[PDB]
$ cat upload_38.pdb   # PDB, C-alpha atoms
ATOM      1  CA  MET W   1      15.802  -1.804  60.468  1.00  0.00           C
ATOM      2  CA  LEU W   2      17.386  -5.257  60.342  1.00  0.00           C
ATOM      3  CA  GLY W   3      20.368  -5.349  62.693  1.00  0.00           C
ATOM      4  CA  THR W   4      22.305  -7.938  60.703  1.00  0.00           C
ATOM      5  CA  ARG W   5      22.082  -5.767  57.580  1.00  0.00           C
ATOM      6  CA  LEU W   6      23.152  -2.711  59.573  1.00  0.00           C
ATOM      7  CA  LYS W   7      26.062  -4.605  61.123  1.00  0.00           C
ATOM      8  CA  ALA W   8      26.989  -6.247  57.815  1.00  0.00           C
ATOM      9  CA  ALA W   9      26.916  -2.828  56.147  1.00  0.00           C
ATOM     10  CA  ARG W  10      29.111  -1.318  58.866  1.00  0.00           C
ATOM     11  CA  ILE W  11      31.703  -4.073  58.568  1.00  0.00           C
ATOM     12  CA  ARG W  12      31.864  -3.809  54.778  1.00  0.00           C
ATOM     13  CA  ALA W  13      32.432  -0.058  55.063  1.00  0.00           C
ATOM     14  CA  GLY W  14      35.043  -0.593  57.767  1.00  0.00           C
ATOM     15  CA  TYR W  15      33.447   1.506  60.502  1.00  0.00           C
ATOM     16  CA  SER W  16      33.533   0.922  64.252  1.00  0.00           C
ATOM     17  CA  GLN W  17      30.216   1.188  66.103  1.00  0.00           C
ATOM     18  CA  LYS W  18      31.445   4.554  67.375  1.00  0.00           C
ATOM     19  CA  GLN W  19      32.621   5.820  63.988  1.00  0.00           C
ATOM     20  CA  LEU W  20      29.309   5.039  62.289  1.00  0.00           C
ATOM     21  CA  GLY W  21      27.514   6.456  65.299  1.00  0.00           C
ATOM     22  CA  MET W  22      29.342   9.776  65.114  1.00  0.00           C
ATOM     23  CA  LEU W  23      29.237   9.923  61.316  1.00  0.00           C
ATOM     24  CA  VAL W  24      25.507  10.484  61.771  1.00  0.00           C
ATOM     25  CA  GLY W  25      25.724  13.211  64.409  1.00  0.00           C
ATOM     26  CA  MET W  26      25.698  11.167  67.629  1.00  0.00           C
ATOM     27  CA  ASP W  27      27.364  12.223  70.881  1.00  0.00           C
ATOM     28  CA  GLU W  28      30.784  10.582  71.179  1.00  0.00           C
ATOM     29  CA  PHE W  29      30.319   9.160  74.687  1.00  0.00           C
ATOM     30  CA  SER W  30      27.131   7.327  73.678  1.00  0.00           C
ATOM     31  CA  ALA W  31      27.723   6.792  69.949  1.00  0.00           C
ATOM     32  CA  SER W  32      28.805   3.143  70.165  1.00  0.00           C
ATOM     33  CA  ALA W  33      25.982   2.543  72.654  1.00  0.00           C
ATOM     34  CA  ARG W  34      23.244   4.057  70.480  1.00  0.00           C
ATOM     35  CA  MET W  35      24.474   2.008  67.513  1.00  0.00           C
ATOM     36  CA  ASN W  36      24.515  -1.283  69.403  1.00  0.00           C
ATOM     37  CA  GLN W  37      20.858  -0.742  70.297  1.00  0.00           C
ATOM     38  CA  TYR W  38      20.093  -0.354  66.590  1.00  0.00           C
ATOM     39  CA  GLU W  39      22.113  -3.393  65.510  1.00  0.00           C
ATOM     40  CA  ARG W  40      20.482  -5.358  68.327  1.00  0.00           C
ATOM     41  CA  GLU W  41      17.142  -4.044  67.087  1.00  0.00           C
ATOM     42  CA  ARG W  42      16.424  -2.946  70.652  1.00  0.00           C
ATOM     43  CA  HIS W  43      16.020   0.481  69.053  1.00  0.00           C
ATOM     44  CA  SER W  44      14.465   1.349  65.693  1.00  0.00           C
ATOM     45  CA  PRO W  45      15.964   4.132  63.524  1.00  0.00           C
ATOM     46  CA  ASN W  46      13.256   6.360  62.045  1.00  0.00           C
ATOM     47  CA  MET W  47      13.125   7.061  58.305  1.00  0.00           C
ATOM     48  CA  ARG W  48      15.214  10.236  58.686  1.00  0.00           C
ATOM     49  CA  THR W  49      17.954   8.373  60.552  1.00  0.00           C
ATOM     50  CA  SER W  50      17.660   5.441  58.141  1.00  0.00           C
ATOM     51  CA  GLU W  51      18.451   7.745  55.222  1.00  0.00           C
ATOM     52  CA  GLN W  52      21.527   9.006  57.086  1.00  0.00           C
ATOM     53  CA  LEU W  53      22.800   5.489  57.794  1.00  0.00           C
ATOM     54  CA  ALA W  54      22.309   4.383  54.199  1.00  0.00           C
ATOM     55  CA  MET W  55      24.131   7.416  52.801  1.00  0.00           C
ATOM     56  CA  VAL W  56      27.074   7.011  55.182  1.00  0.00           C
ATOM     57  CA  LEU W  57      27.278   3.221  54.856  1.00  0.00           C
ATOM     58  CA  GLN W  58      27.037   3.698  51.088  1.00  0.00           C
ATOM     59  CA  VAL W  59      24.317   1.057  50.742  1.00  0.00           C
ATOM     60  CA  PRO W  60      20.723   1.248  49.442  1.00  0.00           C
ATOM     61  CA  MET W  61      18.224   1.903  52.224  1.00  0.00           C
ATOM     62  CA  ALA W  62      16.362  -1.135  50.908  1.00  0.00           C
ATOM     63  CA  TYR W  63      19.300  -3.371  51.827  1.00  0.00           C
ATOM     64  CA  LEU W  64      18.943  -2.454  55.507  1.00  0.00           C
ATOM     65  CA  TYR W  65      15.311  -3.574  55.188  1.00  0.00           C
ATOM     66  CA  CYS W  66      15.897  -6.739  53.147  1.00  0.00           C
ATOM     67  CA  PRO W  67      15.228  -9.809  55.341  1.00  0.00           C
ATOM     68  CA  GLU W  68      15.688 -12.189  52.399  1.00  0.00           C
ATOM     69  CA  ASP W  69      19.402 -13.046  52.435  1.00  0.00           C
ATOM     70  CA  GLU W  70      19.520 -13.861  48.711  1.00  0.00           C
ATOM     71  CA  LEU W  71      17.808 -10.652  47.602  1.00  0.00           C
ATOM     72  CA  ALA W  72      19.871  -8.421  49.891  1.00  0.00           C
ATOM     73  CA  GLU W  73      23.075  -9.838  48.441  1.00  0.00           C
ATOM     74  CA  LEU W  74      21.671  -9.048  44.993  1.00  0.00           C
ATOM     75  CA  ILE W  75      20.613  -5.537  46.031  1.00  0.00           C
ATOM     76  CA  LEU W  76      24.215  -4.732  46.953  1.00  0.00           C
ATOM     77  CA  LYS W  77      25.612  -6.257  43.776  1.00  0.00           C
ATOM     78  CA  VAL W  78      23.288  -4.493  41.341  1.00  0.00           C
ATOM     79  CA  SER W  79      23.952  -1.230  43.191  1.00  0.00           C
ATOM     80  CA  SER W  80      27.712  -1.621  42.765  1.00  0.00           C
ATOM     81  CA  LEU W  81      27.208  -1.801  39.003  1.00  0.00           C
ATOM     82  CA  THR W  82      28.325   0.985  36.676  1.00  0.00           C
ATOM     83  CA  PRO W  83      25.682   2.823  34.599  1.00  0.00           C
ATOM     84  CA  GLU W  84      26.850   0.897  31.542  1.00  0.00           C
ATOM     85  CA  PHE W  85      26.558  -2.493  33.259  1.00  0.00           C
ATOM     86  CA  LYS W  86      23.298  -1.529  34.942  1.00  0.00           C
ATOM     87  CA  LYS W  87      21.769  -1.232  31.466  1.00  0.00           C
ATOM     88  CA  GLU W  88      22.979  -4.699  30.468  1.00  0.00           C
ATOM     89  CA  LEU W  89      21.415  -6.097  33.634  1.00  0.00           C
ATOM     90  CA  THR W  90      17.906  -4.738  33.022  1.00  0.00           C
ATOM     91  CA  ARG W  91      18.131  -5.892  29.409  1.00  0.00           C
ATOM     92  CA  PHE W  92      18.900  -9.434  30.558  1.00  0.00           C
ATOM     93  CA  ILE W  93      16.258  -9.457  33.298  1.00  0.00           C
ATOM     94  CA  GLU W  94      13.576  -8.188  30.914  1.00  0.00           C
ATOM     95  CA  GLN W  95      14.462 -10.963  28.475  1.00  0.00           C
ATOM     96  CA  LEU W  96      14.003 -13.542  31.235  1.00  0.00           C
ATOM     97  CA  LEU W  97      10.752 -12.066  32.551  1.00  0.00           C
ATOM     98  CA  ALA W  98       9.674 -12.341  28.911  1.00  0.00           C
ATOM     99  CA  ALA W  99      10.527 -16.055  28.647  1.00  0.00           C
ATOM    100  CA  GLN W 100       8.590 -15.503  31.802  1.00  0.00           C
ATOM    101  CA  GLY W 101       9.131 -17.265  35.093  1.00  0.00           C
TER     102      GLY W 101
ATOM    103  CA  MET B   1       7.925   3.261  54.838  1.00  0.00           C
ATOM    104  CA  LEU B   2       7.750   5.034  51.480  1.00  0.00           C
ATOM    105  CA  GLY B   3       4.131   5.886  50.705  1.00  0.00           C
ATOM    106  CA  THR B   4       4.524   5.697  46.933  1.00  0.00           C
ATOM    107  CA  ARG B   5       5.898   2.153  47.213  1.00  0.00           C
ATOM    108  CA  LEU B   6       3.070   1.193  49.565  1.00  0.00           C
ATOM    109  CA  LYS B   7       0.474   2.713  47.240  1.00  0.00           C
ATOM    110  CA  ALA B   8       2.140   1.264  44.138  1.00  0.00           C
ATOM    111  CA  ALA B   9       2.207  -2.147  45.821  1.00  0.00           C
ATOM    112  CA  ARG B  10      -1.471  -1.890  46.768  1.00  0.00           C
ATOM    113  CA  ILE B  11      -2.513  -0.983  43.234  1.00  0.00           C
ATOM    114  CA  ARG B  12      -0.514  -3.822  41.684  1.00  0.00           C
ATOM    115  CA  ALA B  13      -2.162  -6.285  44.070  1.00  0.00           C
ATOM    116  CA  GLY B  14      -5.578  -4.790  43.356  1.00  0.00           C
ATOM    117  CA  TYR B  15      -6.528  -3.854  46.914  1.00  0.00           C
ATOM    118  CA  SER B  16      -8.604  -0.899  48.082  1.00  0.00           C
ATOM    119  CA  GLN B  17      -7.212   1.130  50.988  1.00  0.00           C
ATOM    120  CA  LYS B  18      -9.831  -0.580  53.150  1.00  0.00           C
ATOM    121  CA  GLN B  19      -9.122  -4.092  51.879  1.00  0.00           C
ATOM    122  CA  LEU B  20      -5.383  -3.820  52.524  1.00  0.00           C
ATOM    123  CA  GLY B  21      -6.150  -2.183  55.845  1.00  0.00           C
ATOM    124  CA  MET B  22      -8.370  -5.036  56.999  1.00  0.00           C
ATOM    125  CA  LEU B  23      -6.130  -7.728  55.520  1.00  0.00           C
ATOM    126  CA  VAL B  24      -3.694  -6.746  58.265  1.00  0.00           C
ATOM    127  CA  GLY B  25      -6.151  -6.802  61.164  1.00  0.00           C
ATOM    128  CA  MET B  26      -7.427  -3.208  61.159  1.00  0.00           C
ATOM    129  CA  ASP B  27     -10.882  -2.131  62.330  1.00  0.00           C
ATOM    130  CA  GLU B  28     -13.214  -1.786  59.342  1.00  0.00           C
ATOM    131  CA  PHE B  29     -14.493   1.716  60.147  1.00  0.00           C
ATOM    132  CA  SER B  30     -10.956   3.131  60.291  1.00  0.00           C
ATOM    133  CA  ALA B  31      -9.098   0.747  57.966  1.00  0.00           C
ATOM    134  CA  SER B  32      -9.032   3.027  54.913  1.00  0.00           C
ATOM    135  CA  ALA B  33      -8.146   5.935  57.210  1.00  0.00           C
ATOM    136  CA  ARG B  34      -5.213   4.189  58.902  1.00  0.00           C
ATOM    137  CA  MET B  35      -3.862   3.162  55.492  1.00  0.00           C
ATOM    138  CA  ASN B  36      -4.070   6.651  54.011  1.00  0.00           C
ATOM    139  CA  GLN B  37      -1.939   7.930  56.891  1.00  0.00           C
ATOM    140  CA  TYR B  38       0.686   5.324  56.000  1.00  0.00           C
ATOM    141  CA  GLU B  39       0.615   6.040  52.263  1.00  0.00           C
ATOM    142  CA  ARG B  40       0.781   9.752  53.068  1.00  0.00           C
ATOM    143  CA  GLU B  41       3.689   8.953  55.376  1.00  0.00           C
ATOM    144  CA  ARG B  42       1.865  10.884  58.092  1.00  0.00           C
ATOM    145  CA  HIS B  43       2.144   7.607  60.002  1.00  0.00           C
ATOM    146  CA  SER B  44       5.038   5.142  60.050  1.00  0.00           C
ATOM    147  CA  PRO B  45       4.370   1.369  60.166  1.00  0.00           C
ATOM    148  CA  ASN B  46       6.677  -0.382  62.635  1.00  0.00           C
ATOM    149  CA  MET B  47       8.749  -3.396  61.578  1.00  0.00           C
ATOM    150  CA  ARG B  48       6.042  -5.834  62.726  1.00  0.00           C
ATOM    151  CA  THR B  49       3.384  -4.069  60.657  1.00  0.00           C
ATOM    152  CA  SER B  50       5.826  -3.697  57.760  1.00  0.00           C
ATOM    153  CA  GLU B  51       6.268  -7.471  57.631  1.00  0.00           C
ATOM    154  CA  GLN B  52       2.481  -7.884  57.526  1.00  0.00           C
ATOM    155  CA  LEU B  53       2.079  -5.405  54.665  1.00  0.00           C
ATOM    156  CA  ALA B  54       4.847  -7.014  52.630  1.00  0.00           C
ATOM    157  CA  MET B  55       3.415 -10.511  53.065  1.00  0.00           C
ATOM    158  CA  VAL B  56      -0.104  -9.419  52.110  1.00  0.00           C
ATOM    159  CA  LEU B  57       0.987  -7.174  49.233  1.00  0.00           C
ATOM    160  CA  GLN B  58       3.222 -10.027  48.072  1.00  0.00           C
ATOM    161  CA  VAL B  59       6.243  -7.745  47.675  1.00  0.00           C
ATOM    162  CA  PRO B  60       9.694  -7.766  49.327  1.00  0.00           C
ATOM    163  CA  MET B  61       9.812  -5.583  52.430  1.00  0.00           C
ATOM    164  CA  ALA B  62      12.849  -3.946  50.842  1.00  0.00           C
ATOM    165  CA  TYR B  63      10.692  -2.641  47.993  1.00  0.00           C
ATOM    166  CA  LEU B  64       8.577  -0.610  50.423  1.00  0.00           C
ATOM    167  CA  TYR B  65      11.854   0.931  51.617  1.00  0.00           C
ATOM    168  CA  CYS B  66      13.473   1.468  48.208  1.00  0.00           C
ATOM    169  CA  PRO B  67      13.573   5.218  47.424  1.00  0.00           C
ATOM    170  CA  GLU B  68      15.590   4.644  44.241  1.00  0.00           C
ATOM    171  CA  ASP B  69      12.966   4.202  41.512  1.00  0.00           C
ATOM    172  CA  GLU B  70      15.262   2.140  39.271  1.00  0.00           C
ATOM    173  CA  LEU B  71      16.318  -0.287  42.001  1.00  0.00           C
ATOM    174  CA  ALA B  72      12.789  -0.771  43.335  1.00  0.00           C
ATOM    175  CA  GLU B  73      11.572  -1.722  39.873  1.00  0.00           C
ATOM    176  CA  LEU B  74      14.425  -4.239  39.742  1.00  0.00           C
ATOM    177  CA  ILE B  75      13.652  -5.567  43.229  1.00  0.00           C
ATOM    178  CA  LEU B  76      10.135  -6.475  42.096  1.00  0.00           C
ATOM    179  CA  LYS B  77      11.332  -8.042  38.860  1.00  0.00           C
ATOM    180  CA  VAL B  78      14.030 -10.251  40.372  1.00  0.00           C
ATOM    181  CA  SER B  79      11.538 -11.335  43.042  1.00  0.00           C
ATOM    182  CA  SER B  80       9.015 -12.419  40.409  1.00  0.00           C
ATOM    183  CA  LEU B  81      11.631 -14.757  38.950  1.00  0.00           C
ATOM    184  CA  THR B  82      11.347 -18.535  39.221  1.00  0.00           C
ATOM    185  CA  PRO B  83      14.060 -20.457  41.123  1.00  0.00           C
ATOM    186  CA  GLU B  84      15.476 -21.610  37.795  1.00  0.00           C
ATOM    187  CA  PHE B  85      15.651 -18.082  36.365  1.00  0.00           C
ATOM    188  CA  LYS B  86      16.903 -16.651  39.648  1.00  0.00           C
ATOM    189  CA  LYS B  87      20.004 -18.823  39.236  1.00  0.00           C
ATOM    190  CA  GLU B  88      20.625 -17.539  35.708  1.00  0.00           C
ATOM    191  CA  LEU B  89      20.379 -13.982  37.017  1.00  0.00           C
ATOM    192  CA  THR B  90      23.040 -14.330  39.726  1.00  0.00           C
ATOM    193  CA  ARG B  91      25.284 -16.120  37.236  1.00  0.00           C
ATOM    194  CA  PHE B  92      25.020 -13.179  34.840  1.00  0.00           C
ATOM    195  CA  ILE B  93      25.461 -10.532  37.540  1.00  0.00           C
ATOM    196  CA  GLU B  94      28.540 -12.276  38.940  1.00  0.00           C
ATOM    197  CA  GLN B  95      30.051 -12.358  35.455  1.00  0.00           C
ATOM    198  CA  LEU B  96      29.524  -8.604  35.132  1.00  0.00           C
ATOM    199  CA  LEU B  97      30.837  -7.770  38.606  1.00  0.00           C
ATOM    200  CA  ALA B  98      33.849  -9.799  37.466  1.00  0.00           C
ATOM    201  CA  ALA B  99      34.387  -7.743  34.292  1.00  0.00           C
ATOM    202  CA  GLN B 100      33.887  -5.391  37.160  1.00  0.00           C
ATOM    203  CA  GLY B 101      32.059  -2.093  37.053  1.00  0.00           C
TER     204      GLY B 101
END

$ encode --input "upload_38.pdb" --output "structure tokens"
Amino acid sequence: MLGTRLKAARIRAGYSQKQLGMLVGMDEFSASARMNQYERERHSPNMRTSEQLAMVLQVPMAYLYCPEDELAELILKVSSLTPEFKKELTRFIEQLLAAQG
Amino acid sequence: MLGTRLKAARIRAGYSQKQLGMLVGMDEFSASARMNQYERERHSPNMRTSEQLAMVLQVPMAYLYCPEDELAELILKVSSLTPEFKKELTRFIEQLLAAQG
């Protein structure tokens, strides 16, 4: 998991390294430590843990695995769209892919 | 890594389990085997390997880690957009996020 994305997702949610750490079942005393290893990428969270982080952070798992800065930003935006707006988006994108390019 | 996404990305690119397997430096005799384990999720490709798969498959790493079917489909579409169209997209999305919802 990309540390930057994990850190960026923790800041947006307003969680301290310890808070996020405990929100996923970590031991208090080492919570903030375990998290730092992840955000430093010194440690890699397995799929199970990744799903927990995404749910808590309220961000798509894909975001935490999106190295492309532009795309990631888009992945968070499209996700924050309401069902009604999400429909308008796809409609517009399809139209463009149809002009094609 | 989500198997379905890995398999779906291999089919779209037109690669056989062995081809994809070797395209990332695997031993011929076990290439197709190693890949099946990944697509079955019986084996998890580390970040390094994930980057190799994404590059070869020509799909954003995020896609291979996008459990939400709707989003994934969108992640592939937006990625297939030309720089000129990619600008139009963001412009439209921003406008919507501004109506806000």

$ atom_distance --input "upload_38.pdb" --atom1 "atom CA of residue 46 of chain B" --atom2 "atom CA of residue 28 of chain B"
20.2 Å

$ resolve_selection --input "upload_38.pdb" --expression "the PyMOL selection byres ((chain B) within 10 of (chain W))" --output "JSON, numbers by chain"
{"B": [1, 2, 44, 46, 47, 50, 51, 60, 61, 62, 63, 64, 65, 66, 67, 68, 70, 71, 72, 73, 74, 75, 77, 78, 79, 80, 81, 82, 83, 84, 85, 86, 88, 89, 90, 92, 93, 94, 96, 97, 99, 100, 101]}

$ residues_around --input "upload_38.pdb" --residues "residue 19 of chain W" --least-positions-apart "6" --cutoff "12 Å" --atoms "all atoms listed in the file" --output "PyMOL selection string"
chain W and resi 10-11+13+25-35+53+56-57

$ calpha_fit_and_write --input "upload_38.pdb" --fixed "chain B" --moving "chain W" --output "PDB file with C-alpha atoms, keeping the file's coordinate frame"
ATOM      1  CA  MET W   1       7.924   3.261  54.838  1.00  0.00           C
ATOM      2  CA  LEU W   2       7.750   5.034  51.480  1.00  0.00           C
ATOM      3  CA  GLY W   3       4.130   5.886  50.705  1.00  0.00           C
ATOM      4  CA  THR W   4       4.524   5.696  46.933  1.00  0.00           C
ATOM      5  CA  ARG W   5       5.898   2.153  47.212  1.00  0.00           C
ATOM      6  CA  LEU W   6       3.070   1.193  49.565  1.00  0.00           C
ATOM      7  CA  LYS W   7       0.473   2.714  47.240  1.00  0.00           C
ATOM      8  CA  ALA W   8       2.140   1.264  44.138  1.00  0.00           C
ATOM      9  CA  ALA W   9       2.207  -2.147  45.821  1.00  0.00           C
ATOM     10  CA  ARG W  10      -1.471  -1.890  46.768  1.00  0.00           C
ATOM     11  CA  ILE W  11      -2.513  -0.983  43.234  1.00  0.00           C
ATOM     12  CA  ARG W  12      -0.513  -3.822  41.684  1.00  0.00           C
ATOM     13  CA  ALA W  13      -2.162  -6.285  44.070  1.00  0.00           C
ATOM     14  CA  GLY W  14      -5.578  -4.790  43.356  1.00  0.00           C
ATOM     15  CA  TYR W  15      -6.528  -3.854  46.913  1.00  0.00           C
ATOM     16  CA  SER W  16      -8.604  -0.899  48.081  1.00  0.00           C
ATOM     17  CA  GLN W  17      -7.212   1.130  50.988  1.00  0.00           C
ATOM     18  CA  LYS W  18      -9.831  -0.579  53.151  1.00  0.00           C
ATOM     19  CA  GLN W  19      -9.122  -4.092  51.879  1.00  0.00           C
ATOM     20  CA  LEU W  20      -5.383  -3.819  52.525  1.00  0.00           C
ATOM     21  CA  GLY W  21      -6.150  -2.183  55.845  1.00  0.00           C
ATOM     22  CA  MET W  22      -8.370  -5.036  56.999  1.00  0.00           C
ATOM     23  CA  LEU W  23      -6.129  -7.728  55.520  1.00  0.00           C
ATOM     24  CA  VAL W  24      -3.695  -6.745  58.266  1.00  0.00           C
ATOM     25  CA  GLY W  25      -6.152  -6.802  61.164  1.00  0.00           C
ATOM     26  CA  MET W  26      -7.427  -3.207  61.159  1.00  0.00           C
ATOM     27  CA  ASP W  27     -10.882  -2.131  62.329  1.00  0.00           C
ATOM     28  CA  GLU W  28     -13.214  -1.787  59.343  1.00  0.00           C
ATOM     29  CA  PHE W  29     -14.493   1.715  60.146  1.00  0.00           C
ATOM     30  CA  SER W  30     -10.956   3.131  60.292  1.00  0.00           C
ATOM     31  CA  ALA W  31      -9.098   0.747  57.967  1.00  0.00           C
ATOM     32  CA  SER W  32      -9.032   3.027  54.912  1.00  0.00           C
ATOM     33  CA  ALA W  33      -8.146   5.935  57.210  1.00  0.00           C
ATOM     34  CA  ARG W  34      -5.213   4.189  58.903  1.00  0.00           C
ATOM     35  CA  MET W  35      -3.862   3.162  55.491  1.00  0.00           C
ATOM     36  CA  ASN W  36      -4.069   6.651  54.011  1.00  0.00           C
ATOM     37  CA  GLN W  37      -1.939   7.930  56.891  1.00  0.00           C
ATOM     38  CA  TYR W  38       0.686   5.324  56.000  1.00  0.00           C
ATOM     39  CA  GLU W  39       0.615   6.040  52.263  1.00  0.00           C
ATOM     40  CA  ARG W  40       0.781   9.752  53.068  1.00  0.00           C
ATOM     41  CA  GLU W  41       3.689   8.953  55.376  1.00  0.00           C
ATOM     42  CA  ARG W  42       1.865  10.884  58.092  1.00  0.00           C
ATOM     43  CA  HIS W  43       2.144   7.607  60.002  1.00  0.00           C
ATOM     44  CA  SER W  44       5.039   5.142  60.050  1.00  0.00           C
ATOM     45  CA  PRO W  45       4.370   1.369  60.166  1.00  0.00           C
ATOM     46  CA  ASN W  46       6.678  -0.382  62.635  1.00  0.00           C
ATOM     47  CA  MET W  47       8.750  -3.396  61.578  1.00  0.00           C
ATOM     48  CA  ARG W  48       6.042  -5.834  62.726  1.00  0.00           C
ATOM     49  CA  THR W  49       3.384  -4.069  60.657  1.00  0.00           C
ATOM     50  CA  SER W  50       5.826  -3.697  57.760  1.00  0.00           C
ATOM     51  CA  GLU W  51       6.268  -7.471  57.631  1.00  0.00           C
ATOM     52  CA  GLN W  52       2.480  -7.884  57.526  1.00  0.00           C
ATOM     53  CA  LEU W  53       2.079  -5.405  54.664  1.00  0.00           C
ATOM     54  CA  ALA W  54       4.847  -7.014  52.631  1.00  0.00           C
ATOM     55  CA  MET W  55       3.415 -10.511  53.065  1.00  0.00           C
ATOM     56  CA  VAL W  56      -0.105  -9.419  52.110  1.00  0.00           C
ATOM     57  CA  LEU W  57       0.987  -7.174  49.232  1.00  0.00           C
ATOM     58  CA  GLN W  58       3.222 -10.028  48.072  1.00  0.00           C
ATOM     59  CA  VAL W  59       6.243  -7.745  47.675  1.00  0.00           C
ATOM     60  CA  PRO W  60       9.694  -7.766  49.327  1.00  0.00           C
ATOM     61  CA  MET W  61       9.812  -5.583  52.431  1.00  0.00           C
ATOM     62  CA  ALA W  62      12.849  -3.946  50.842  1.00  0.00           C
ATOM     63  CA  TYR W  63      10.692  -2.641  47.992  1.00  0.00           C
ATOM     64  CA  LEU W  64       8.577  -0.610  50.424  1.00  0.00           C
ATOM     65  CA  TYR W  65      11.855   0.931  51.617  1.00  0.00           C
ATOM     66  CA  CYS W  66      13.474   1.468  48.208  1.00  0.00           C
ATOM     67  CA  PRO W  67      13.572   5.218  47.424  1.00  0.00           C
ATOM     68  CA  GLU W  68      15.591   4.644  44.241  1.00  0.00           C
ATOM     69  CA  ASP W  69      12.966   4.202  41.512  1.00  0.00           C
ATOM     70  CA  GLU W  70      15.262   2.140  39.271  1.00  0.00           C
ATOM     71  CA  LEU W  71      16.318  -0.287  42.000  1.00  0.00           C
ATOM     72  CA  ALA W  72      12.789  -0.770  43.336  1.00  0.00           C
ATOM     73  CA  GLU W  73      11.572  -1.723  39.873  1.00  0.00           C
ATOM     74  CA  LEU W  74      14.425  -4.239  39.742  1.00  0.00           C
ATOM     75  CA  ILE W  75      13.652  -5.567  43.229  1.00  0.00           C
ATOM     76  CA  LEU W  76      10.135  -6.474  42.096  1.00  0.00           C
ATOM     77  CA  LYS W  77      11.333  -8.042  38.860  1.00  0.00           C
ATOM     78  CA  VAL W  78      14.030 -10.251  40.372  1.00  0.00           C
ATOM     79  CA  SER W  79      11.538 -11.335  43.042  1.00  0.00           C
ATOM     80  CA  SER W  80       9.015 -12.419  40.408  1.00  0.00           C
ATOM     81  CA  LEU W  81      11.632 -14.757  38.949  1.00  0.00           C
ATOM     82  CA  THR W  82      11.347 -18.535  39.221  1.00  0.00           C
ATOM     83  CA  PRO W  83      14.060 -20.456  41.124  1.00  0.00           C
ATOM     84  CA  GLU W  84      15.476 -21.610  37.795  1.00  0.00           C
ATOM     85  CA  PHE W  85      15.652 -18.082  36.365  1.00  0.00           C
ATOM     86  CA  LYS W  86      16.902 -16.651  39.648  1.00  0.00           C
ATOM     87  CA  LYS W  87      20.004 -18.823  39.236  1.00  0.00           C
ATOM     88  CA  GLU W  88      20.625 -17.539  35.708  1.00  0.00           C
ATOM     89  CA  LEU W  89      20.379 -13.982  37.018  1.00  0.00           C
ATOM     90  CA  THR W  90      23.040 -14.330  39.725  1.00  0.00           C
ATOM     91  CA  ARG W  91      25.284 -16.120  37.236  1.00  0.00           C
ATOM     92  CA  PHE W  92      25.019 -13.179  34.840  1.00  0.00           C
ATOM     93  CA  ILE W  93      25.460 -10.532  37.540  1.00  0.00           C
ATOM     94  CA  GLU W  94      28.540 -12.276  38.940  1.00  0.00           C
ATOM     95  CA  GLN W  95      30.051 -12.358  35.455  1.00  0.00           C
ATOM     96  CA  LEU W  96      29.524  -8.603  35.133  1.00  0.00           C
ATOM     97  CA  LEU W  97      30.837  -7.770  38.605  1.00  0.00           C
ATOM     98  CA  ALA W  98      33.849  -9.799  37.466  1.00  0.00           C
ATOM     99  CA  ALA W  99      34.387  -7.744  34.292  1.00  0.00           C
ATOM    100  CA  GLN W 100      33.887  -5.391  37.160  1.00  0.00           C
ATOM    101  CA  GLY W 101      32.058  -2.094  37.052  1.00  0.00           C
TER     102      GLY W 101
END

$ axis_aligned_box --input "upload_38.pdb" --around "segment 66-84 of chain B" --padding-each-side "4 Å" --output "JSON"
{"center_x": 12.7, "center_y": -8.2, "center_z": 43.0, "size_x": 15.3, "size_y": 34.8, "size_z": 18.4}

$ atom_distance --input "upload_38.pdb" --atom1 "atom CA of residue 15 of chain B" --atom2 "atom CA of residue 36 of chain B"
12.9 Å

$ atom_distance --input "upload_38.pdb" --atom1 "atom CA of residue 38 of chain B" --atom2 "atom CA of residue 37 of chain W"
25.5 Å
